[PDB]
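Undergrad: Data file structure-v1.cif (mmCIF, C-alpha atoms; chains and numbers go by the auth columns) is appended below.
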```cif
data_run
loop_
_atom_site.group_PDB
_atom_site.id
_atom_site.type_symbol
_atom_site.label_atom_id
_atom_site.label_comp_id
_atom_site.label_asym_id
_atom_site.label_seq_id
_atom_site.Cartn_x
_atom_site.Cartn_y
_atom_site.Cartn_z
_atom_site.B_iso_or_equiv
_atom_site.auth_seq_id
_atom_site.auth_asym_id
ATOM 1 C CA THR A 1 137.407 20.089 -171.843 0.00 3 A
ATOM 2 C CA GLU A 2 139.254 22.951 -170.105 0.00 4 A
ATOM 3 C CA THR A 3 138.203 24.971 -167.001 0.00 5 A
ATOM 4 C CA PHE A 4 138.992 28.204 -165.035 0.00 6 A
ATOM 5 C CA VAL A 5 140.711 29.328 -161.829 0.00 7 A
ATOM 6 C CA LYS A 6 138.209 30.617 -159.209 0.00 8 A
ATOM 7 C CA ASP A 7 135.843 27.753 -160.115 0.00 9 A
ATOM 8 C CA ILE A 8 138.165 25.243 -158.506 0.00 10 A
ATOM 9 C CA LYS A 9 138.504 24.516 -154.796 0.00 11 A
ATOM 10 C CA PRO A 10 140.052 21.587 -152.894 0.00 12 A
ATOM 11 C CA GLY A 11 139.124 18.178 -154.228 0.00 13 A
ATOM 12 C CA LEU A 12 138.289 18.169 -157.902 0.00 14 A
ATOM 13 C CA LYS A 13 140.820 15.824 -159.394 0.00 15 A
ATOM 14 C CA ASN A 14 141.084 15.406 -163.094 0.00 16 A
ATOM 15 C CA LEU A 15 141.645 18.903 -164.668 0.00 17 A
ATOM 16 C CA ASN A 16 143.072 20.075 -168.115 0.00 18 A
ATOM 17 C CA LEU A 17 144.119 23.727 -168.356 0.00 19 A
ATOM 18 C CA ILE A 18 146.080 26.531 -170.064 0.00 20 A
ATOM 19 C CA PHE A 19 147.498 29.489 -168.239 0.00 21 A
ATOM 20 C CA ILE A 20 150.291 31.912 -167.773 0.00 22 A
ATOM 21 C CA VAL A 21 153.081 31.845 -165.235 0.00 23 A
ATOM 22 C CA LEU A 22 153.308 34.835 -162.965 0.00 24 A
ATOM 23 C CA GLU A 23 155.873 33.987 -160.288 0.00 25 A
ATOM 24 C CA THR A 24 158.043 31.023 -159.077 0.00 26 A
ATOM 25 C CA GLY A 25 158.767 30.267 -155.372 0.00 27 A
ATOM 26 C CA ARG A 26 161.646 28.776 -153.346 0.00 28 A
ATOM 27 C CA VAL A 27 163.118 25.298 -154.025 0.00 29 A
ATOM 28 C CA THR A 28 162.990 22.262 -151.735 0.00 30 A
ATOM 29 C CA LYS A 29 165.136 19.243 -152.565 0.00 31 A
ATOM 30 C CA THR A 30 163.536 16.279 -150.813 0.00 32 A
ATOM 31 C CA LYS A 31 166.414 14.176 -149.459 0.00 33 A
ATOM 32 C CA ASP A 32 165.353 11.362 -151.782 0.00 34 A
ATOM 33 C CA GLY A 33 166.270 13.802 -154.556 0.00 35 A
ATOM 34 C CA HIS A 34 163.307 15.478 -156.250 0.00 36 A
ATOM 35 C CA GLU A 35 162.591 18.998 -157.294 0.00 37 A
ATOM 36 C CA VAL A 36 159.340 19.933 -155.589 0.00 38 A
ATOM 37 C CA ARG A 37 158.682 23.410 -156.923 0.00 39 A
ATOM 38 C CA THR A 38 155.699 25.442 -155.813 0.00 40 A
ATOM 39 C CA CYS A 39 154.628 28.250 -158.129 0.00 41 A
ATOM 40 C CA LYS A 40 152.326 31.189 -158.865 0.00 42 A
ATOM 41 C CA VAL A 41 150.233 30.966 -162.028 0.00 43 A
ATOM 42 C CA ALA A 42 146.669 31.789 -163.130 0.00 44 A
ATOM 43 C CA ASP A 43 144.196 32.717 -165.798 0.00 45 A
ATOM 44 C CA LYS A 44 142.624 36.170 -165.851 0.00 46 A
ATOM 45 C CA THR A 45 139.966 34.739 -163.472 0.00 47 A
ATOM 46 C CA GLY A 46 141.963 35.507 -160.329 0.00 48 A
ATOM 47 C CA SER A 47 145.017 33.690 -158.983 0.00 49 A
ATOM 48 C CA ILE A 48 146.345 30.323 -157.621 0.00 50 A
ATOM 49 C CA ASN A 49 149.515 28.381 -156.705 0.00 51 A
ATOM 50 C CA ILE A 50 150.934 25.033 -157.959 0.00 52 A
ATOM 51 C CA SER A 51 153.471 22.259 -157.128 0.00 53 A
ATOM 52 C CA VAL A 52 155.915 20.751 -159.527 0.00 54 A
ATOM 53 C CA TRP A 53 158.102 17.710 -159.571 0.00 55 A
ATOM 54 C CA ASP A 54 161.448 18.061 -161.347 0.00 56 A
ATOM 55 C CA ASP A 55 160.736 20.845 -163.877 0.00 57 A
ATOM 56 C CA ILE A 56 158.807 26.509 -166.032 0.00 62 A
ATOM 57 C CA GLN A 57 159.522 30.167 -165.573 0.00 63 A
ATOM 58 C CA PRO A 58 157.264 33.182 -165.458 0.00 64 A
ATOM 59 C CA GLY A 59 156.201 34.636 -168.751 0.00 65 A
ATOM 60 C CA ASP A 60 155.276 31.211 -169.950 0.00 66 A
ATOM 61 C CA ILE A 61 151.941 29.987 -171.165 0.00 67 A
ATOM 62 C CA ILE A 62 151.339 26.503 -169.809 0.00 68 A
ATOM 63 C CA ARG A 63 149.031 23.792 -170.847 0.00 69 A
ATOM 64 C CA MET A 64 148.169 21.479 -168.004 0.00 70 A
ATOM 65 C CA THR A 65 147.129 17.872 -168.667 0.00 71 A
ATOM 66 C CA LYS A 66 145.486 15.503 -166.146 0.00 72 A
ATOM 67 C CA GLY A 67 146.388 17.659 -163.191 0.00 73 A
ATOM 68 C CA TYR A 68 144.285 17.864 -160.096 0.00 74 A
ATOM 69 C CA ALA A 69 143.492 20.142 -157.237 0.00 75 A
ATOM 70 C CA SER A 70 143.154 19.983 -153.502 0.00 76 A
ATOM 71 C CA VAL A 71 144.436 22.213 -150.805 0.00 77 A
ATOM 72 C CA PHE A 72 147.634 22.496 -149.018 0.00 78 A
ATOM 73 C CA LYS A 73 145.760 24.236 -146.419 0.00 79 A
ATOM 74 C CA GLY A 74 146.960 27.607 -147.510 0.00 80 A
ATOM 75 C CA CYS A 75 144.466 27.684 -150.296 0.00 81 A
ATOM 76 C CA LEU A 76 143.999 24.742 -152.619 0.00 82 A
ATOM 77 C CA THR A 77 146.879 23.716 -154.862 0.00 83 A
ATOM 78 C CA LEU A 78 147.385 21.923 -158.160 0.00 84 A
ATOM 79 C CA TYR A 79 149.103 18.620 -158.736 0.00 85 A
ATOM 80 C CA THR A 80 150.061 16.592 -161.716 0.00 86 A
ATOM 81 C CA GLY A 81 148.878 13.326 -160.500 0.00 87 A
ATOM 82 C CA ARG A 82 147.219 10.742 -162.734 0.00 88 A
ATOM 83 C CA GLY A 83 150.388 10.973 -164.647 0.00 89 A
ATOM 84 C CA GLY A 84 150.207 14.669 -165.173 0.00 90 A
ATOM 85 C CA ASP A 85 151.700 16.613 -168.030 0.00 91 A
ATOM 86 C CA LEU A 86 152.431 20.311 -168.173 0.00 92 A
ATOM 87 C CA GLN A 87 153.329 21.694 -171.563 0.00 93 A
ATOM 88 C CA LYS A 88 154.421 25.069 -172.785 0.00 94 A
ATOM 89 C CA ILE A 89 152.603 26.375 -175.811 0.00 95 A
ATOM 90 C CA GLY A 90 153.717 29.980 -176.045 0.00 96 A
ATOM 91 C CA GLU A 91 155.351 32.926 -174.389 0.00 97 A
ATOM 92 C CA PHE A 92 154.280 36.268 -173.083 0.00 98 A
ATOM 93 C CA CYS A 93 156.273 39.186 -171.930 0.00 99 A
ATOM 94 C CA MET A 94 156.236 42.915 -171.297 0.00 100 A
ATOM 95 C CA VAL A 95 157.510 45.043 -174.184 0.00 101 A
ATOM 96 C CA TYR A 96 158.883 48.581 -174.445 0.00 102 A
ATOM 97 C CA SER A 97 159.200 50.506 -177.654 0.00 103 A
ATOM 98 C CA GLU A 98 160.704 53.903 -178.164 0.00 104 A
ATOM 99 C CA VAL A 99 162.088 55.919 -180.987 0.00 105 A
ATOM 100 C CA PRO A 100 165.924 55.758 -181.114 0.00 106 A
ATOM 101 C CA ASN A 101 167.913 58.826 -180.153 0.00 107 A
ATOM 102 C CA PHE A 102 169.034 61.222 -182.893 0.00 108 A
ATOM 103 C CA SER A 103 170.730 62.452 -184.920 0.00 109 A
ATOM 104 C CA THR B 1 161.646 66.049 -206.111 0.00 3 B
ATOM 105 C CA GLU B 2 162.690 65.939 -202.411 0.00 4 B
ATOM 106 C CA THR B 3 163.793 68.526 -199.762 0.00 5 B
ATOM 107 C CA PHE B 4 165.324 68.268 -196.266 0.00 6 B
ATOM 108 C CA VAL B 5 163.753 69.360 -193.009 0.00 7 B
ATOM 109 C CA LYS B 6 166.711 71.727 -192.801 0.00 8 B
ATOM 110 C CA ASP B 7 166.043 73.244 -196.212 0.00 9 B
ATOM 111 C CA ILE B 8 162.483 74.198 -195.367 0.00 10 B
ATOM 112 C CA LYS B 9 160.907 77.669 -195.709 0.00 11 B
ATOM 113 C CA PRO B 10 157.412 78.746 -194.650 0.00 12 B
ATOM 114 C CA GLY B 11 155.165 79.323 -197.534 0.00 13 B
ATOM 115 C CA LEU B 12 156.491 76.440 -199.507 0.00 14 B
ATOM 116 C CA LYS B 13 154.558 74.050 -201.744 0.00 15 B
ATOM 117 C CA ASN B 14 155.117 70.710 -203.430 0.00 16 B
ATOM 118 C CA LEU B 15 156.367 69.005 -200.277 0.00 17 B
ATOM 119 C CA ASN B 16 157.652 65.577 -200.973 0.00 18 B
ATOM 120 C CA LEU B 17 159.838 64.008 -198.356 0.00 19 B
ATOM 121 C CA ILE B 18 160.223 61.260 -195.789 0.00 20 B
ATOM 122 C CA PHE B 19 160.671 61.600 -192.035 0.00 21 B
ATOM 123 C CA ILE B 20 160.037 59.903 -188.752 0.00 22 B
ATOM 124 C CA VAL B 21 157.786 60.509 -185.723 0.00 23 B
ATOM 125 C CA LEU B 22 159.827 61.697 -182.759 0.00 24 B
ATOM 126 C CA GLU B 23 157.037 62.421 -180.312 0.00 25 B
ATOM 127 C CA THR B 24 153.284 62.832 -180.479 0.00 26 B
ATOM 128 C CA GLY B 25 151.501 65.357 -178.288 0.00 27 B
ATOM 129 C CA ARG B 26 148.997 68.215 -178.370 0.00 28 B
ATOM 130 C CA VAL B 27 145.685 66.586 -179.163 0.00 29 B
ATOM 131 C CA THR B 28 143.107 69.029 -180.342 0.00 30 B
ATOM 132 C CA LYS B 29 139.596 68.031 -181.358 0.00 31 B
ATOM 133 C CA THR B 30 136.935 69.436 -183.704 0.00 32 B
ATOM 134 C CA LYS B 31 133.232 69.098 -182.993 0.00 33 B
ATOM 135 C CA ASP B 32 132.787 67.366 -186.338 0.00 34 B
ATOM 136 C CA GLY B 33 134.074 64.755 -183.903 0.00 35 B
ATOM 137 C CA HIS B 34 137.516 64.452 -185.496 0.00 36 B
ATOM 138 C CA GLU B 35 140.874 65.301 -183.937 0.00 37 B
ATOM 139 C CA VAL B 36 144.052 66.954 -185.194 0.00 38 B
ATOM 140 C CA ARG B 37 147.364 65.551 -184.025 0.00 39 B
ATOM 141 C CA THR B 38 150.398 67.730 -183.499 0.00 40 B
ATOM 142 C CA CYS B 39 153.502 65.668 -184.004 0.00 41 B
ATOM 143 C CA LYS B 40 157.205 66.143 -184.065 0.00 42 B
ATOM 144 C CA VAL B 41 158.961 64.578 -186.954 0.00 43 B
ATOM 145 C CA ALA B 42 162.427 64.896 -188.444 0.00 44 B
ATOM 146 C CA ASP B 43 165.094 63.834 -190.735 0.00 45 B
ATOM 147 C CA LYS B 44 168.769 63.797 -190.725 0.00 46 B
ATOM 148 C CA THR B 45 168.819 67.552 -191.262 0.00 47 B
ATOM 149 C CA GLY B 46 166.708 68.475 -188.462 0.00 48 B
ATOM 150 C CA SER B 47 163.399 68.285 -186.633 0.00 49 B
ATOM 151 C CA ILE B 48 159.948 69.895 -187.202 0.00 50 B
ATOM 152 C CA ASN B 49 156.255 69.842 -186.201 0.00 51 B
ATOM 153 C CA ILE B 50 153.147 68.557 -187.939 0.00 52 B
ATOM 154 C CA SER B 51 149.366 68.753 -187.466 0.00 53 B
ATOM 155 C CA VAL B 52 147.691 65.513 -188.483 0.00 54 B
ATOM 156 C CA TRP B 53 144.156 64.283 -189.046 0.00 55 B
ATOM 157 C CA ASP B 54 143.274 60.940 -187.408 0.00 56 B
ATOM 158 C CA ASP B 55 140.257 60.215 -185.233 0.00 57 B
ATOM 159 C CA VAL B 56 142.094 57.297 -183.613 0.00 58 B
ATOM 160 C CA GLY B 57 144.615 58.135 -181.060 0.00 59 B
ATOM 161 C CA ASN B 58 146.876 55.444 -180.193 0.00 60 B
ATOM 162 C CA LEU B 59 147.954 54.298 -183.533 0.00 61 B
ATOM 163 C CA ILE B 60 150.339 56.963 -184.456 0.00 62 B
ATOM 164 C CA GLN B 61 153.487 55.999 -182.780 0.00 63 B
ATOM 165 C CA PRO B 62 157.037 57.127 -182.164 0.00 64 B
ATOM 166 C CA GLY B 63 159.129 55.190 -184.627 0.00 65 B
ATOM 167 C CA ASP B 64 156.683 55.496 -187.496 0.00 66 B
ATOM 168 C CA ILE B 65 158.166 56.400 -190.838 0.00 67 B
ATOM 169 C CA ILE B 66 156.023 58.359 -193.217 0.00 68 B
ATOM 170 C CA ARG B 67 156.260 59.561 -196.793 0.00 69 B
ATOM 171 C CA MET B 68 154.958 63.109 -197.142 0.00 70 B
ATOM 172 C CA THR B 69 153.958 64.246 -200.590 0.00 71 B
ATOM 173 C CA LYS B 70 152.858 67.632 -201.777 0.00 72 B
ATOM 174 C CA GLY B 71 152.211 68.981 -198.337 0.00 73 B
ATOM 175 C CA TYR B 72 152.733 72.529 -197.098 0.00 74 B
ATOM 176 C CA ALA B 73 153.742 74.789 -194.224 0.00 75 B
ATOM 177 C CA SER B 74 152.601 77.722 -192.149 0.00 76 B
ATOM 178 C CA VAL B 75 153.446 78.791 -188.598 0.00 77 B
ATOM 179 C CA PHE B 76 150.936 78.077 -185.939 0.00 78 B
ATOM 180 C CA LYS B 77 150.936 79.724 -182.539 0.00 79 B
ATOM 181 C CA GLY B 78 154.436 80.889 -183.250 0.00 80 B
ATOM 182 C CA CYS B 79 155.595 77.368 -183.973 0.00 81 B
ATOM 183 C CA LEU B 80 156.112 76.074 -187.464 0.00 82 B
ATOM 184 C CA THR B 81 153.573 73.376 -188.244 0.00 83 B
ATOM 185 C CA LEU B 82 153.536 71.305 -191.419 0.00 84 B
ATOM 186 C CA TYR B 83 150.435 70.296 -193.390 0.00 85 B
ATOM 187 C CA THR B 84 149.604 68.034 -196.341 0.00 86 B
ATOM 188 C CA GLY B 85 148.500 69.561 -199.623 0.00 87 B
ATOM 189 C CA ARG B 86 145.099 69.143 -201.183 0.00 88 B
ATOM 190 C CA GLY B 87 146.606 66.730 -203.727 0.00 89 B
ATOM 191 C CA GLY B 88 149.475 65.080 -201.971 0.00 90 B
ATOM 192 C CA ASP B 89 149.530 62.481 -199.226 0.00 91 B
ATOM 193 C CA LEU B 90 151.120 60.772 -196.263 0.00 92 B
ATOM 194 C CA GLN B 91 151.986 57.113 -196.236 0.00 93 B
ATOM 195 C CA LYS B 92 153.471 55.147 -193.351 0.00 94 B
ATOM 196 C CA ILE B 93 156.253 53.148 -194.924 0.00 95 B
ATOM 197 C CA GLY B 94 158.080 51.599 -191.988 0.00 96 B
ATOM 198 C CA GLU B 95 159.321 51.907 -188.440 0.00 97 B
ATOM 199 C CA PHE B 96 162.347 52.266 -186.200 0.00 98 B
ATOM 200 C CA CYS B 97 162.064 51.287 -182.520 0.00 99 B
ATOM 201 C CA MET B 98 164.058 50.896 -179.354 0.00 100 B
ATOM 202 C CA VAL B 99 162.346 47.632 -178.495 0.00 101 B
ATOM 203 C CA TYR B 100 162.748 45.878 -175.192 0.00 102 B
ATOM 204 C CA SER B 101 161.142 42.683 -173.794 0.00 103 B
ATOM 205 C CA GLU B 102 160.872 41.204 -170.259 0.00 104 B
ATOM 206 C CA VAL B 103 158.577 39.548 -167.749 0.00 105 B
ATOM 207 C CA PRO B 104 157.671 41.591 -164.625 0.00 106 B
ATOM 208 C CA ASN B 105 157.494 40.691 -160.926 0.00 107 B
ATOM 209 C CA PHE B 106 154.963 40.813 -158.088 0.00 108 B
#
```
Would you kindly transcribe this structure into structure tokens?
TA:
Amino acid sequence: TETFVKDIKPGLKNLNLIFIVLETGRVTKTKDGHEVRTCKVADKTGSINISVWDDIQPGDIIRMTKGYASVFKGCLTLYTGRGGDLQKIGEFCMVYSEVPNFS
Amino acid sequence: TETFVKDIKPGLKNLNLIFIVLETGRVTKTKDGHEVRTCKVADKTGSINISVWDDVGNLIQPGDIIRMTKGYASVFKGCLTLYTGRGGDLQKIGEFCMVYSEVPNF
């Protein structure tokens, strides 16, 4: 019961999803203590941003459970609300191969 | 019965050795549809060219390690290019790579 990026626009609520992590923004420590991280991830179907409480790094492949979407006005964003549960299921990275130098 | 890149003479036969792909370049194509790949290979005794048959481009890589058997030589366009014999072969038997992983930025 998964879904895709550009399909989803503000509203929309319950949403399970796998994706890769492109970029990661700038921290804000709410005075009450929590890590609210906003971040840049997507599937191949375009792009989107997300907000995280007290946890990810680019290059990661994330499974999202029971997350939901609505907009912080600058384009809709994704939450982890009902309980929410983001899991990592694999990696991805850029790789460079060359023949050693000789002799 | 093996011989080094260094101890190689044009007009030689029974060519059984092992070497590694240094660079691939010079793609030239027949109108059978096939293509012949000019590669630079070597051993610890020196470097040398080769003209290879393979209709698929991107699969012959720097790092590849191949076992030449009963192949042969003749100069081509002034440069010495190596060929396989009509009863020997070429097997890829391993690899050797400067590998390097990361995640980019945007």
Undergrad: Tell me which protein, DNA and RNA residues are within 9 Å of residue 15 of chain B, counting all atoms listed in the file, leaving out same-chain ones fewer than 4 positions away, and put them as number ranges by chain.
TA: B: 72-75, 87
Undergrad: Determine, using all atoms listed in the file, which residues of chain B have any atom at most 6 Å from an atom of chain A, and tabulate each with its shortest atom pair and distance in Å to one decimal place, rows ordered by chain and then rising number, as CSV.
TA:
```
residue,atom,partner,partner_atom,distance
B:64,CA,A:105,CA,5.3
B:65,CA,A:105,CA,4.7
B:99,CA,A:105,CA,4.9
B:100,CA,A:104,CA,4.7
B:101,CA,A:103,CA,4.3
B:102,CA,A:102,CA,4.8
B:103,CA,A:101,CA,4.3
B:104,CA,A:100,CA,5.0
B:105,CA,A:99,CA,4.8
```
Undergrad: Write to file, as a PDB file, keeping the file's coordinate frame, the residues of the selection just made, with C-alpha atoms.
TA:
```pdb
ATOM      1  CA  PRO B  64     157.037  57.127-182.164  1.00  0.00           C
ATOM      2  CA  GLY B  65     159.129  55.190-184.627  1.00  0.00           C
ATOM      3  CA  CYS B  99     162.064  51.287-182.520  1.00  0.00           C
ATOM      4  CA  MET B 100     164.058  50.896-179.354  1.00  0.00           C
ATOM      5  CA  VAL B 101     162.346  47.632-178.495  1.00  0.00           C
ATOM      6  CA  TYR B 102     162.748  45.878-175.192  1.00  0.00           C
ATOM      7  CA  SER B 103     161.142  42.683-173.794  1.00  0.00           C
ATOM      8  CA  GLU B 104     160.872  41.204-170.259  1.00  0.00           C
ATOM      9  CA  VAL B 105     158.577  39.548-167.749  1.00  0.00           C
TER      10      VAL B 105
END
```
Undergrad: May I ask for the distance between atom CA of residue 81 of chain B and atom CA of residue 33 of chain B, given in Å to one decimal place?
TA: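 Separating atom CA of residue 81 of chain B from atom CA of residue 33 of chain B is a distance of 23.9 Å.
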Undergrad: Write out as a PyMOL selection string the residues lying within 8 Å of residue 17 of chain A, counting all atoms listed in the file and excluding same-chain residues fewer than 3 positions away.
TA: chain A and resi 4-5+14+70-75
Undergrad: Using atom CA of residue 49 of chain A and atom CA of residue 89 of chain A as the two end points, give the distance in Å to one decimal.
TA: 24.0 Å
Undergrad: Name every residue that the PyMOL selection byres ((chain A and resi 33-46) around 7) selects in this structure, writing the answer as a list in words with chains first and numbers rising.
TA: residues 6, 7, 21, 22, 23, 24, 25, 26, 27, 29, 30, 31, 32, 47, 48, 49, 50, 51, 52, 53, 54, 55 and 56 of chain A
Undergrad: Taking all atoms listed in the file into account, which of B:18, B:63, B:30, B:47 comes nearest residue 92 of chain B?
TA: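 For residue 92 of chain B, the nearest of the given residues is B:18.
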Undergrad: Work out how far atom CA of residue 83 of chain B is from atom CA of residue 42 of chain B, in Å to one decimal.
TA: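 Atom CA of residue 42 of chain B sits 9.1 Å away from atom CA of residue 83 of chain B.
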Undergrad: Using the chain letters and residue numbers of this document, give as a VMD selection string the residues selected by the PyMOL selection byres ((chain B and resi 66) around 9).
TA: (chain A and resid 105) or (chain B and resid 21 to 24 62 to 65 67 to 68 94 to 99)
Undergrad: Translate the PyMOL selection byres ((chain A and resi 94) around 7), as applied to the file shown, into an explicit residue set as a PyMOL selection string.
TA: chain A and resi 66-69+92-93+95-96
Undergrad: Which residues, written as a PyMOL selection string, have at least one atom at most 12 Å from residue 84 of chain B, with all atoms listed in the file counted and residues fewer than 6 positions away on the same chain left out?
TA: chain B and resi 7+10-15+17-19+39-44+49-55+70-78+92
Undergrad: Atoms to include: C-alpha atoms. Write the selected residues as a PDB file, keeping the file's coordinate frame.
TA:
```pdb
ATOM      1  CA  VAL B   7     163.753  69.360-193.009  1.00  0.00           C
ATOM      2  CA  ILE B  10     162.483  74.198-195.367  1.00  0.00           C
ATOM      3  CA  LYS B  11     160.907  77.669-195.709  1.00  0.00           C
ATOM      4  CA  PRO B  12     157.412  78.746-194.650  1.00  0.00           C
ATOM      5  CA  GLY B  13     155.165  79.323-197.534  1.00  0.00           C
ATOM      6  CA  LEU B  14     156.491  76.440-199.507  1.00  0.00           C
ATOM      7  CA  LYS B  15     154.558  74.050-201.744  1.00  0.00           C
ATOM      8  CA  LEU B  17     156.367  69.005-200.277  1.00  0.00           C
ATOM      9  CA  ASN B  18     157.652  65.577-200.973  1.00  0.00           C
ATOM     10  CA  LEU B  19     159.838  64.008-198.356  1.00  0.00           C
ATOM     11  CA  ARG B  39     147.364  65.551-184.025  1.00  0.00           C
ATOM     12  CA  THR B  40     150.398  67.730-183.499  1.00  0.00           C
ATOM     13  CA  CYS B  41     153.502  65.668-184.004  1.00  0.00           C
ATOM     14  CA  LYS B  42     157.205  66.143-184.065  1.00  0.00           C
ATOM     15  CA  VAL B  43     158.961  64.578-186.954  1.00  0.00           C
ATOM     16  CA  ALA B  44     162.427  64.896-188.444  1.00  0.00           C
ATOM     17  CA  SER B  49     163.399  68.285-186.633  1.00  0.00           C
ATOM     18  CA  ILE B  50     159.948  69.895-187.202  1.00  0.00           C
ATOM     19  CA  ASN B  51     156.255  69.842-186.201  1.00  0.00           C
ATOM     20  CA  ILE B  52     153.147  68.557-187.939  1.00  0.00           C
ATOM     21  CA  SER B  53     149.366  68.753-187.466  1.00  0.00           C
ATOM     22  CA  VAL B  54     147.691  65.513-188.483  1.00  0.00           C
ATOM     23  CA  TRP B  55     144.156  64.283-189.046  1.00  0.00           C
ATOM     24  CA  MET B  70     154.958  63.109-197.142  1.00  0.00           C
ATOM     25  CA  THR B  71     153.958  64.246-200.590  1.00  0.00           C
ATOM     26  CA  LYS B  72     152.858  67.632-201.777  1.00  0.00           C
ATOM     27  CA  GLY B  73     152.211  68.981-198.337  1.00  0.00           C
ATOM     28  CA  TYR B  74     152.733  72.529-197.098  1.00  0.00           C
ATOM     29  CA  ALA B  75     153.742  74.789-194.224  1.00  0.00           C
ATOM     30  CA  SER B  76     152.601  77.722-192.149  1.00  0.00           C
ATOM     31  CA  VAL B  77     153.446  78.791-188.598  1.00  0.00           C
ATOM     32  CA  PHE B  78     150.936  78.077-185.939  1.00  0.00           C
ATOM     33  CA  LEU B  92     151.120  60.772-196.263  1.00  0.00           C
TER      34      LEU B  92
END
```
Undergrad: Once 6 Å is added on each side, what are the centre and the three edge lengths, in Å to one decimal, of the axis-aligned box enclosing the listed atoms of segment 52-66 of chain A? Present them as JSON.
TA:
```
{"center_x": 156.2, "center_y": 26.2, "center_z": -163.5, "size_x": 22.5, "size_y": 28.9, "size_z": 24.8}
```
Undergrad: Rebuild segment 79-90 of chain B to N, CA, C and O atoms - output it as an mmCIF file, in the frame of the given file, please.
TA:
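Below you can see out.cif, which holds the result:
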```
data_model
loop_
_atom_site.group_PDB
_atom_site.id
_atom_site.type_symbol
_atom_site.label_atom_id
_atom_site.label_comp_id
_atom_site.auth_asym_id
_atom_site.auth_seq_id
_atom_site.Cartn_x
_atom_site.Cartn_y
_atom_site.Cartn_z
ATOM 1 N N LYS B 79 150.661 79.364 -183.912
ATOM 2 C CA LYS B 79 150.936 79.724 -182.539
ATOM 3 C C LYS B 79 152.433 79.855 -182.366
ATOM 4 O O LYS B 79 153.029 79.313 -181.439
ATOM 5 N N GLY B 80 153.034 80.558 -183.315
ATOM 6 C CA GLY B 80 154.436 80.889 -183.250
ATOM 7 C C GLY B 80 155.312 79.755 -183.712
ATOM 8 O O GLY B 80 156.431 79.973 -184.160
ATOM 9 N N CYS B 81 154.802 78.536 -183.614
ATOM 10 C CA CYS B 81 155.595 77.368 -183.973
ATOM 11 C C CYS B 81 155.280 76.956 -185.399
ATOM 12 O O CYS B 81 154.173 77.168 -185.899
ATOM 13 N N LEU B 82 156.283 76.427 -186.075
ATOM 14 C CA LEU B 82 156.112 76.074 -187.464
ATOM 15 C C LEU B 82 155.509 74.674 -187.632
ATOM 16 O O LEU B 82 156.145 73.658 -187.343
ATOM 17 N N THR B 83 154.278 74.630 -188.121
ATOM 18 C CA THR B 83 153.573 73.376 -188.244
ATOM 19 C C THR B 83 153.346 73.024 -189.715
ATOM 20 O O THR B 83 153.009 73.873 -190.534
ATOM 21 N N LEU B 84 153.543 71.756 -190.044
ATOM 22 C CA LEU B 84 153.536 71.305 -191.419
ATOM 23 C C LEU B 84 152.189 70.671 -191.720
ATOM 24 O O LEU B 84 151.570 70.093 -190.832
ATOM 25 N N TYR B 85 151.743 70.776 -192.969
ATOM 26 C CA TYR B 85 150.435 70.296 -193.390
ATOM 27 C C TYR B 85 150.567 69.578 -194.719
ATOM 28 O O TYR B 85 151.524 69.826 -195.444
ATOM 29 N N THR B 86 149.617 68.700 -195.040
ATOM 30 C CA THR B 86 149.604 68.034 -196.341
ATOM 31 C C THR B 86 148.802 68.871 -197.330
ATOM 32 O O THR B 86 147.875 69.587 -196.943
ATOM 33 N N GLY B 87 149.181 68.802 -198.599
ATOM 34 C CA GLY B 87 148.500 69.561 -199.623
ATOM 35 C C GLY B 87 147.199 68.902 -200.011
ATOM 36 O O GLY B 87 146.899 67.775 -199.603
ATOM 37 N N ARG B 88 146.426 69.605 -200.824
ATOM 38 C CA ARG B 88 145.099 69.143 -201.183
ATOM 39 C C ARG B 88 145.147 68.078 -202.284
ATOM 40 O O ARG B 88 144.106 67.625 -202.774
ATOM 41 N N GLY B 89 146.368 67.686 -202.657
ATOM 42 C CA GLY B 89 146.606 66.730 -203.727
ATOM 43 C C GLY B 89 147.916 65.993 -203.538
ATOM 44 O O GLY B 89 148.503 65.474 -204.488
ATOM 45 N N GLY B 90 148.388 65.962 -202.303
ATOM 46 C CA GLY B 90 149.475 65.080 -201.971
ATOM 47 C C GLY B 90 148.994 64.121 -200.911
ATOM 48 O O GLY B 90 147.787 63.968 -200.722
#
```
